[PDB]
Every structure is written in C-alpha cells, then in structure tokens.
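Below is one structure, written out as structure tokens; the observations come after it.
Naming convention: chains lettered A, B, ... in sequence-line order (proteins, then strands); numbering from 1 in each chain.
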Amino acid sequence: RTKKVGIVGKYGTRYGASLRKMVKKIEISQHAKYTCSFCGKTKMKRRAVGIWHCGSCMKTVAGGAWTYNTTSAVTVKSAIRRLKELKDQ
Amino acid sequence: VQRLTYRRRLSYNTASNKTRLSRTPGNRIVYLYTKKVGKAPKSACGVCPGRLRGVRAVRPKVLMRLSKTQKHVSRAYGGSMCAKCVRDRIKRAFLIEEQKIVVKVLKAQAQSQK
Amino acid sequence: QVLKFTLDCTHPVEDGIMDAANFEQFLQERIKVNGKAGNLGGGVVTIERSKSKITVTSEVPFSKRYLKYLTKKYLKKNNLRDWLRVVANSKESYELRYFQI
Amino acid sequence: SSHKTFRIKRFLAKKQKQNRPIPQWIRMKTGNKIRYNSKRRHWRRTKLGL
Amino acid sequence: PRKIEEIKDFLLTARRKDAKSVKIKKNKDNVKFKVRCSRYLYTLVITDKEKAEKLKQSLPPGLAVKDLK
RNA sequence: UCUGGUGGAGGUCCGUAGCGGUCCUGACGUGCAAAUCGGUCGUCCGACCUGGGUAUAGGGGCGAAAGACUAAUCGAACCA
RNA sequence: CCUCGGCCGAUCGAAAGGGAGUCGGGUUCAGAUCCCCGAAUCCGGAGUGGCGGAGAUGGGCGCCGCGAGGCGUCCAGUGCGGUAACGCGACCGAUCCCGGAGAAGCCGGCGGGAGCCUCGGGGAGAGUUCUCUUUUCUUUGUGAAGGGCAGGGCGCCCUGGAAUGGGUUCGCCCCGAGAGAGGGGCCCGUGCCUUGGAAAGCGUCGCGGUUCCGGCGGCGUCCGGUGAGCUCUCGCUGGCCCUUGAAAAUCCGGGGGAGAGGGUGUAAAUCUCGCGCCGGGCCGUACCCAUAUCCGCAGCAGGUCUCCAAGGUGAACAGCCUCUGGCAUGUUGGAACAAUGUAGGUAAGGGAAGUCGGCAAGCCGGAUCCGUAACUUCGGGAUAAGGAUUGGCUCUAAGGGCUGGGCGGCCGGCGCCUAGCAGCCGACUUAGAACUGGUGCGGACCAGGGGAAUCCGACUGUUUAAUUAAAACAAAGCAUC
Ligand SMILES: [Zn+2]
C-alpha cells in the first residue's frame with residue numbers, strides 16, 4: 001500500500017520525515033507481540049511503558065520502554081552471573 | 001409516539017439514574033429504575049482472569065440476605081478460590097513437603113557418614 | 001368453516017325510507033371476490049333476504065367490515081347518512097339505527 | 001428551589017406572613033399616622049436579603 | 001403472590017390463623033381460590049367445576065368467603 | 001515483486017449539535033442590548049466543550065504572554 | 001482482675017460520585033412511586049425458645065414377639081449427592097489471617113434483548129363517496145416480587161488424542177500447557193408463559209338513578225411478517241496512551257480450630273431453610289425552569305446545567321412539508337403605497353473599464369461514470385484541473401432463507417437426494433434496455449469557483465471579554481546552565 005512510510009502513515013505529513021522515521025522503528029517494536037519465554041506462546045504484549053504481559057500464562061515482566069529486552073539489561077544480567085560465579089568458585 | 005419523563009428529581013444521566021422501559025397494565029410506557037449489574041467473586045489466586053463459578057453476581061449489600069449455599073461452592077476455598085488453583089496448591093504443598101523430608105534425610109545421612 | 005354475517009334494516013323499512021330489495025341488488029352487483037366485482041365470485045358467496053334481514057354467507061375469507069364499507073356507500077348514494085348509522089349489535093351482525101337528540 | 005433547608009423555609013414563612021395590608025380599624029385609632037403598609041414587598045420587584 | 005398446585009396445601013393455608021379471607025373467582029376456563037395471608041396471596045387454579053364445588057364445601061368455617069361476581 | 005480484497009489508524013478532511021467570532025469595516029448606534037442582530041465565516045476525537053465542588057487575594061494571585069483577567073472597575077481591584 | 005488490641009488519629013467535605021429496600025390502578029380547583037385500593041419488599045427487634053422443618057434419630061449383641069414389632073446392653077451420629085465442573089432447604093464455631101465485591105479510561109467493530117418505526121390480515125368506531133377506492137384515520141395492556149422455559153455468554157469440567165494440520169470471525173483469533181467431535185456445569189436472564197390478572201385499565205354499544213355512584217350490563221382487547229432501520233441496554237472482541245484512567249463507609253466468602261452439646265433421649269448446642277409477631281423517628285416535596293416566575297434596574301432579540309424525541313424526502317439529529325402536543329406573530333391597531341432608508345430580487349450590450357483593493361454580489365456546488373499536473377518530507381497535493389450523465393414510465397439480469405428427501409407408525413433386503421432438485425417464504429439494491437416530454441430532470445431544499453506565483457509562520461492549538469485572530473504566543477525538535 002505504501003512504499004516506505006509503513007506504520008507512520010497515520011501521521012501523514014504532520015511531522016518531519018526524520019522524526020517519523022525514528023518513531024517508525026520504535027512503534028513497530030512497541031506494538032509487536034513477542035514469544036513468551038515462560039509458556040512459549042507468542043502473546044507477550046505491552047501493557048504500559050516498561051510493563052509486558054502474556055495473555056496466556058498471565059505473567060507480567062518488567063522490560064524496556066518500547067522493546068521487551070533492553071541491551072543494557074542483557075549485558076547486566078550476563079555480568080552479574082559472571083560476578084556471582086567468581087564469588088562461588 | 002409517547003415521550004417519557006424522569007420519575008425522580010435527578011435530571012442527569014448518571015450511573016445511578018439508569019432506567020428501562022416497561023409497559024403498564026394501564027397501557028402506558030414508564031421508566032423503571034434498574035439496579036447496577038453485580039459481579040461474581042474473582043479468585044484469590046491472582047492469576048485467573050475469569051470470575052468464580054456457582055456464586056450469584058449481585059451487589060454486595062444484597063449478599064447478606066442470601067443463603068450460604070448461594071454464596072459458596074462445596075469445596076475447600078469454595079467461594080474464594082477457583083478449583084484449578086486449589087488443585088495446584090494441594091500438589092504444591094505436598095510436593096514441597098516431600099522434598100523437605102528428602103533433603104533432611106540426605107543431610108542427616110551425609111552428616112552421619114561424614 | 002363458513003362465515004355468516006347479517007344486516008338488520010328493520011327500523012328504516014318500517015319508516016319506509018329504505019328498500020330491502022334495492023339493497024339485495026346493490027350488494028349483488030357491487031361486491032368483490034378476489035378483486036372482481038359481480039358474479040358473486042363464481043357463486044362462492046351468496047346473499048339471502050328475509051323480512052329486511054340480509055344475510056351474506058361465504059366459505060372463502062370474508063370480513064364483515066367490508067360489508068360496513070358497502071352499506072355506507074349504499075346509504076350515501078340514497079342520501080341516508082344524515083338519519084341512519086351502521087352499528088355492530090353482535091359479533092356477526094350490523095344494524096341500522098337513527099341518531100338521537 | 002424545591003430542595004430547601006428548614007432554616008430557609010422558616011425565613012420565607014416569616015416574610016410571607018408579614019406581607020399583608022394594614023387592617024382597616026387601625027386608621028380609626030386615636031392619634032393614628034399610618035395610612036398604608038409602606039413595607040409591602042413584591043416577589044418580582046424586590047428580592048429578599050437571602 | 002404464590003401459586004399452589006395442590007388441594008391439600010391449599011387447605012393447610014386456609015386453616016392458618018394468619019389467613020384472613022377466601023376469594024373465589026369464576027373465569028371462562030378455571031376457578032381460582034385465593035387465600036389472603038399476612039405476606040402472600042395464595043392462589044389455587046382448578047380447571048374442573050366438579051372439584052370446584054367440593055372445595056367450597058370443605059372450606060374451613062369462620063373464614064370470610066367472598067365471591068367475585 | 002505485482003494485483004484484488006479485508007481492516008479501520010489519524011492532535012486526518014467536508015460538515016451538523018456544541019465551542020468560537022473572519023468580513024460585510026452590513027444592521028443598531030438617546031439600541032432589543034453599558035458589546036446585541038443577520039448573512040458569511042473558524043473548529044467540530046481532541047492541546048475538545050461543559051455543570052457542580054475545591055485551591056490560589058491586591059505590589060498579591062493567575063497568565064499557550066494581550067499588561068491579559070482578577071464581579072460592567074486593572075500599567076496594582078473593591079470597601080472604610 | 002487476667003487475656004486480647006496499630007485507628008496507619010478528632011471532625012467537616014457531593015440534593016450529578018459510592019450508598020439495602022415499591023410498584024400497578026384510582027382520586028384534587030390546585031398533592032402524590034407520598035393520599036385510597038391492591039400486591040410486595042428492605043432493615044432492626046423479638047430474651048423470657050412463636051410454630052414447623054434441619055441438626056436427628058442408625059448399627060452390633062442378644063431376649064420376647066408365629067413372625068412384624070417391642071425389652072436390656074454396647075458403639076456411632078456438628079447433613080447429603082455428582083469422576084468432575086458443581087448441586088441440594090438449612091447444614092455449629094471466637095480472637096487471628098487471606099481474599100472478593102463496592103471499584104473504574106477513551107475509541108472502534110460485531111451479536112442478543114427491548115422500545116419505536118414498517119408490512120400483511122381480523123375486530124370496534126370515525127372520515128370521504130361528483131367518480132373510484134373492499135378504502136383512509138384512530139385504537140387493538142398486563143407493574144414490582146416469586147416459579148418455569150427460551151435466549152446470550154463462559155481462559156468451567158469429563159472422554160479422547162490432532163500434519164494430508166485443522167477449527168473459526170465482518171476483523172481476528174485458538175490448539176499436545178489438549179484443537180475438532182460428543183456429553184455435561186455455571187452465570188445472566190430487563191424476553192415469553194404463569195401467580196399477581198381482569199375483578200382493574202382502555203375501545204365501543206346500551207340501561208339507570210341523580211351531579212355523583214371507580215353506577216350497571218353486552219361485546220372486544222386477535223393472528224402474523226420483516227430489518228446494516230433509530231434509541232436504550234446487555235455481552236463478546238479488538239485499537240490508543242513517555243495519558244493506564246478515585247477513596248472510604250458497607251457487605252460477603254474462605255483458611256485455622258480456641259470452644260460448645262448429648263449420652264441414645266425422642267435428646268442437646270446449633271440453623272444464612274419455610275411461615276408467623278412488632279417498629280421504621282427528623283427535614284425537603286406546591287409552582288416557573290424562561291422570547292413573562294432566574295441574572296442582566298423591566299414581561300430586556302443577551303445569558304443560564306440536563307432528560308424523552310413520530311411520518312415523508314434525503315447520507316443525516318441538514319434544510320423543507322406534516323402528526324401528538326402547543327401558539328396567536330412576540331409591549332398596539334386602521335388607512336395609504338411619496339422621497340430617503342433596512343432586507344430580498346431581477347436586468348439588454350459590454351464584462352472590473354468601478355475601487356486603495358473584485359469590498360459586495362455573482363459563478364461552482366449533490367451523486368455516478370471517466371480523467372487528473374507541477375512539486376513533494378512519497379504520506380500528499382486531490383473534490384487538483386477537465387469532461388459526460390442525472391426526469392417519468394415499462395421491462396430485463398444478478399445478488400437470499402426454510403423444509404423435504406426409498407389415522408399414525410416401522411422389523412426389514414427390496415430404495416440412492418450426488419451437473420443441486422422440488423415446494424414454500426422474503427427484503428433491500430445494483431447494472432442494462434426500450435419508450436416518452438416544448439432537451440426538461442441533484443427541477444424546491446441541501447450544496448467546494450478555479451489556476452499560476454511571491455512574503456510570513458512548519459502543521460493542529462492559543463490570544464487583547466467591549467475596535468487589533470495576526471507574521472504575535474505556545475508547541476514537538478535542537479542546545480545551554
Ligand atoms: Zn506466557
């Protein structure tokens with residue numbers, strides 16, 4: 001239907017092309033449904049900013065503002081596991 | 001077509017001014033003020049989205065003039081918890097207690113042998 | 001399953017302002033079965049008279065309000081609506097009466 | 001309005017009872033100076049202190 | 001209003017010390033026996049005229065009887 | 001990749017009720033009116049319109065800012 | 001006197017938030033869910049048990065009794081059913097603890113129910129009848145609270161194990177964390193029948209007394225069909241949010257088991273079950289609610305918060321005409337039809353030559369079918385621009401629903417619905433054609449003139465109430481402290 005505007009066609013011409021391009025990436029990720037790591041079903045939607053809910057197993061997870069997992073979160077979780085393992089062994 | 005008027009001094013379409021149409025034996029259409037819709041209890045588990053079964057969906061103050069059988073289900077945690085989560089807590093209680101006996105025996109046997 | 005409807009004209013004929021025989025031919029001619037006037041619908045409907053009591057019998061669906069429509073047209077044609085009115089005196093009969101003061 | 005308090009109703013009752021014309025025999029009293037009720041109040045013309 | 005479907009229950013209701021009057025009504029199809037008590041008006045619907053006349057004879061004494069004619 | 005459907009987004013468009021008030025520099029201008037009237041106009045799912053209840057009081061308040069508004073009174077109200 | 005015990009603090013704050021429980025008929029000069037009649041209901045109290053029912057009345061050992069059924073002794077009994085979801089009329093229990101309800105946004109789309117509108121018949125009354133019209137108009141009920149049954153919904157249960165994946169919605173969406181299929185369970189039930197209930201109300205036709213008798217009587221208050229129709233409401237399911245859309249009184253359920261009851265009576269504690277008895281005090285309530293009961297000095301073209309909402313045309317709560325209901329032209333009338341004016345029109349031939357300036361007016365305007373440029377942030381610009389059609393009448397084609405498939409049944413080979421056949425029912429449109437009028441037809445009403453450019457502001461929004469709506473302010477974004 002569109003060549004490049006995608007999901008930000010709802011804004012028409014009403015903001016800059018670059019601002020619509022930046023929000024295009026974020027609006028795709030904030031409205032996507034992800035696969036739940038707990039039940040395996042692709043029903044992990046966003047309730048509010050930082051709140052992600054699964055409509056099958058009814059699990060609520062604290063995540064990112066627009067994406068389910070922030071890169072800072074993954075690095076910190078991997079680093080804490082390394083620091084914990086160094087303490088134990 | 002006959003047009004209607006409020007039967008009370010509240011002239012605003014509020015949540016406590018809801019009405020329905022009734023035809024009288026005098027062949028007139030009048031307003032009847034309706035009670036709010038009640039809701040059945042939600043399970044104490046906190047994970048089940050649906051309401052409980054076997055309990056009347058009435059407003060809370062009317063609940064005290066019903067019999068007890070209309071307010072509960074014949075089961076442990078009857079009118080407060082769903083059957084599915086009652087089943088899960090029976091198994092969760094039993095299996096954790098089983099693991100505790102196993103752990104205590106394992107640590108007692110290890111202590112005796114060491 | 002037949003329908004019997006009667007018409008009372010006793011008062012108008014006693015006063016002499018109404019002709020019962022003229023009513024028979026008026027209903028015989030200006031009457032419709034399946035939307036066609038005359039012939040009494042191939043003999044399905046029939047009209048009889050006895051002492052100013054015109055009875056109409058039929059087996060097909062026939063409504064007596066249709067007869068009230070026909071008798072009113074007869075009265076208007078004869079300039080009698082100013083003294084006579086058609087009143088249902090029973091479930092299956094109409095009667096011609098005068099207007100009181 | 002129809003919805004009114006007891007205090008307001010009793011206040012309106014008093015103003016209603018004192019809105020009457022002077023009696024006729026008062027004019028006949030010795031040394032009388034009153035000819036009419038000069039404190040008559042009309043609802044549309046003058047409004048109450050309330 | 002309560003509907004009673006048994007003659008035996010109707011006689012028990014009529015002989016209550018609470019009962020005030022028995023109102024008999026005749027309709028085109030049935031006869032209705034109505035006993036007025038403190039809380040409810042108990043109605044018994046009988047479709048047989050033979051049983052209807054029997055009920056009138058067996059009505060308890062002293063209780064007021066009114067025929068809705 | 002193209003095509004035909006479905007779908008129903010939007011401080012989206014036309015445009016009622018509502019909110020506002022462009023131009024006629026029209027009417028009126030000892031007026032219907034100490035700011036109103038008509039035609040024509042702007043907006044009309046949103047930074048929307050609105051009742052009641054609450055809070056802020058005069059060198060103070062409040063101000064998407066005009067020295068605007070603060071009971072027909074505002075480049076510091078009104079009362080004594 | 002021990003034991004328990006957080007007020008996480010008095011109190012005030014809503015006649016639109018929360019908040020148990022009433023609705024039909026009649027009655028006034030003015031009242032009325034308030035009075036009368038009738039039928040219900042909530043809360044509180046009942047101690048000295050108000051009456052029933054439940055708890056709760058079994059089993060073993062013997063003896064007598066022909067045997068049934070009784071005598072003695074011993075032991076039970078804070079109910080019962082369903083695999084389950086849960087069900088049954090009750091079905092003890094404190095401090096303490098957990099939970100629920102009260103208690104949640106806005107928008108969209110579907111579906112159920114009702115009211116209203118509509119269509120086809122049957123009654124009763126009325127209108128028209130110059131000619132027709134079996135016509136046209138009116139009217140054609142069953143309150144709350146109980147009982148039953150439709151109907152709607154369900155992330156509720158049992159069997160079972162699915163790929164050649166299947167189920168399914170307008171859209172989606174769902175499934176080895178258990179699909180489809182079959183069978184159950186629960187909730188809501190404002191719908192229908194029923195008690196209430198026809199005795200009342202209404203319609204119509206008569207008969208009385210007298211100003212009123214809720215007078216008396218007869219007949220009726222019937223049978224159907226439709227729908228993206230409008231409104232309300234109940235559901236289901238989605239979209240949006242750097243916005244996530246009250247609190248508290250009040251009521252309930254559960255966990256635990258400190259306690260209480262009685263020894264086998266016809267019994268006890270206890271009972272959220274059925275019926276019975278008594279009470280519910282204080283204040284408001286008339287009327288206007290606005291082109292005349294409010295504010296603006298007034299019966300002031302101003303201002304002032306809501307509810308219900310028929311027919312036709314038509315996209316419409318548009319405008320225009322009409323019904324129910326309402327009114328008397330808006331603080332006067334009569335006569336005349338001068339100038340000037342206010343408001344509404346028209347105009348030959350030119351066509352902005354007027355004027356600071358096309359100000360004002362005029363042109364265009366709806367829908368269908370074609371066709372649409374520069375530029376561009378690729379979304380738009382766009383109803384760009386430009387063109388054709390449009391009435392009336394008579395036809396044609398297409399677009400659906402239900403039932404059935406060899407006196408009454410049925411033990412049966414004997415039948416084969418299979419290019420979907422027959423019968424019955426039904427509403428709204430679309431396309432094509434012929435004919436036809438003095439080429440007139442979105443015939444009134446409603447209803448964008450357009451194009452090429454320059455300046456400013458990005459856009460939506462806001463602003464000097466009463467002379468400035470703008471380029472001014474704000475705004476997202478950018479940057480700094
Ligand atoms: Zn999950």
Q) Do you know which of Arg40(D), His42(D), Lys39(D), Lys14(D) makes side chain to side chain donor-acceptor pair (under 3.5 Å) with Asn19(D)? A) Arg40(D)
Q: State the pairing partner of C96(G); accept Watson-Crick or G-U wobble contacts with both distances under 3.5 Å, and report none otherwise.
A: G255(G)
Q) Is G38(G) base-paired to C23(G), counting Watson-Crick or G-U wobble with both distances below 3.5 Å? A) yes
Q) Parallel, tilted or perpendicular for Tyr6(B) and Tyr31(B), by the 30°/60° rule? A) tilted
Q: Using the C1' atoms only, state how far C110(G) lies from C241(G), rounded to an integer number of Å.
A: 25 Å
Q | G391(G) to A444(G) separation - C1' atoms, rounded to the nearest Å | A | 15 Å
Q | Assigned glycosidic conformation for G87(G) [threshold 90° from 0] | A | anti
Q. Is any side-chain N or O of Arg81(C) under 3.5 Å from a base N or O of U129(G), one able to act as donor and the other as acceptor?
A. yes
Q. When rounded to the nearest Å, what value does the distance between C1' atoms of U131(G) and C232(G) take?
A. 50 Å
Q) With respect to the side chain of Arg20(A), which nucleotide from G379(G), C234(G), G276(G) is positioned closest? A) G379(G)
Q) Taking the P atom of each, how far is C287(G) from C29(G), in whole Å? A) 16 Å
Q. Between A199(G), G125(G), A124(G), which nucleotide gets closest to the side-chain atoms of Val87(C)?
A. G125(G)
**Q.** Closest listed nucleotide, where the reference is the side chain of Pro41(B) and the choices are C275(G), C378(G), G100(G)
**A.** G100(G)
Q | Nearest to side-chain heavy atoms of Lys34(E), which nucleotide of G191(G), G197(G), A15(G) | A | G197(G)
Q: If a protein heavy atom is under 4.0 Å from the base, mark B; if only from the sugar-phosphate, S; if neither, -; do that for nucleotides 243-255 of chain G going 5' to 3'.
A: -B-----SBSBSS
Write down the protein N/O and nucleotide N/O pairs, taken from nucleotides 134-141 of chain G, whose separation is under 3.5 Å; answer none if there are no such pairs.
{"residue": "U134(G)", "atom": "OP1", "partner": "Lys32(C)", "partner atom": "NZ", "Å": "2.9"}
{"residue": "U134(G)", "atom": "OP2", "partner": "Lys32(C)", "partner atom": "NZ", "Å": "3.2"}
{"residue": "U134(G)", "atom": "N3", "partner": "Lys32(C)", "partner atom": "O", "Å": "3.1"}
{"residue": "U134(G)", "atom": "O4", "partner": "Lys32(C)", "partner atom": "O", "Å": "2.9"}
{"residue": "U136(G)", "atom": "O4", "partner": "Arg65(C)", "partner atom": "NH2", "Å": "3.2"}
{"residue": "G141(G)", "atom": "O4'", "partner": "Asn27(B)", "partner atom": "ND2", "Å": "2.9"}
{"residue": "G141(G)", "atom": "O2'", "partner": "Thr24(B)", "partner atom": "O", "Å": "3.0"}

Q: Encode nucleotides 147-155 of chain G as B, S and - characters from 5' to 3', where the letter depends on protein heavy atoms closer than 4.0 Å: B to the base, S only to sugar-phosphate, - to neither.
A: -------BB
Q: Evaluate whether atom OH of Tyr98(C) has more than 12 neighbouring non-hydrogen atoms of other residues, nucleotides or ligands under 6.0 angstrom away.
A: yes
Q.
When you look at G229(G) and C116(G) together, do they satisfy the Watson-Crick or wobble criterion (both atom distances under 3.5 Å)?
A. yes
Could you go through nucleotides 11-15 of chain F and list every protein N or O atom that sits under 3.5 Å from one of its N or O atoms, giving the distance for each pair?
{"residue": "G11(F)", "atom": "OP1", "partner": "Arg14(A)", "partner atom": "NE", "Å": "2.8"}
{"residue": "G11(F)", "atom": "OP1", "partner": "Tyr15(A)", "partner atom": "OH", "Å": "2.8"}

Q | Candidates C308(G), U306(G), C88(G) - which lies nearest the side chain of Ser11(B) | A | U306(G)
What nitrogen or oxygen pairs link the protein and nucleotides 215-222 of chain G at under 3.5 Å?
{"residue": "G220(G)", "atom": "OP1", "partner": "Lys91(C)", "partner atom": "NZ", "Å": "3.0"}

Q: Classify the glycosidic conformation of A258(G) as syn or anti, calling it syn when the angle lies within 90° of 0.
A: anti
(Q) Between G345(G) and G362(G), how many Å separate the two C1' atoms, rounded to a whole number? (A) 13 Å
(Q) Between the base of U33(G) and the side chain of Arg8(B), is there a donor and acceptor pair under 3.5 angstrom? (A) yes
Q: Just label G21(F) as syn or anti from its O4'-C1'-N9-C4 or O4'-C1'-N1-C2 angle, using within 90° of 0 for syn.
A: anti
Q: Examine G366(G) and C271(G) and say if both key distances are under 3.5 Å for a Watson-Crick or a G-U wobble pair.
A: no
Q. So what's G184(G) doing, north or south, if we go by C1'-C2'-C3'-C4' (plus is north, minus is south)?
A. north
Q.
Given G19(G), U285(G), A144(G), identify the nucleotide with an atom nearest to the side chain of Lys4(D).
A. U285(G)
Q. Cation-pi between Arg20(A) and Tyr15(A): NZ/CZ under 6.0 Å from ring centre and within 45° of the ring axis?
A. no
Q) If you take the six-membered rings of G350(G) and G351(G), are their centres closer than 5.5 Å and their planes within less than 30° of each other? A) yes
(Q) Given the structure, check if the side chain of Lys23(E) and the base of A199(G) hold any donor-acceptor pair shorter than 3.5 Å. (A) yes
Q.
Could you check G11(F) for me: syn (within 90° of 0) or anti?
A. syn
Q: Report the nucleotide, chosen from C240(G), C275(G), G21(G), that has the shortest atom-to-atom distance to any side-chain atom of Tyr40(E).
A: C275(G)
Q. Considering only the P atoms, how many Å lie between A35(F) and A66(F), rounded to the nearest integer?
A. 27 Å
Q: For this output row, return yes or no: ring centroids of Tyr74(C) and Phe23(C) closer than 6.0 angstrom.
A: yes
Q: Fill in the dot-bracket string of RNA chain F, one character per base: . for unpaired, | for a pair to another strand, ( ) or [ ] for pairs within the strand, taking Watson-Crick or G-U pairs under 3.5 Å.
A: ..........|......(((..((.((........)))).)))..............(.((.......))...)......
Q) When you compare the six-membered rings of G155(G) and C156(G), are they both close enough (centres under 5.5 Å) and flat enough to each other (planes under 30°) to count as stacked? A) no
Q. What nucleotide, of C307(G), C43(G), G125(G), holds the atom closest to the side chain of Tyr31(B)?
A. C307(G)
Q. Mind checking the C1' distance from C317(G) to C117(G)? Whole angstroms is fine.
A. 16 Å
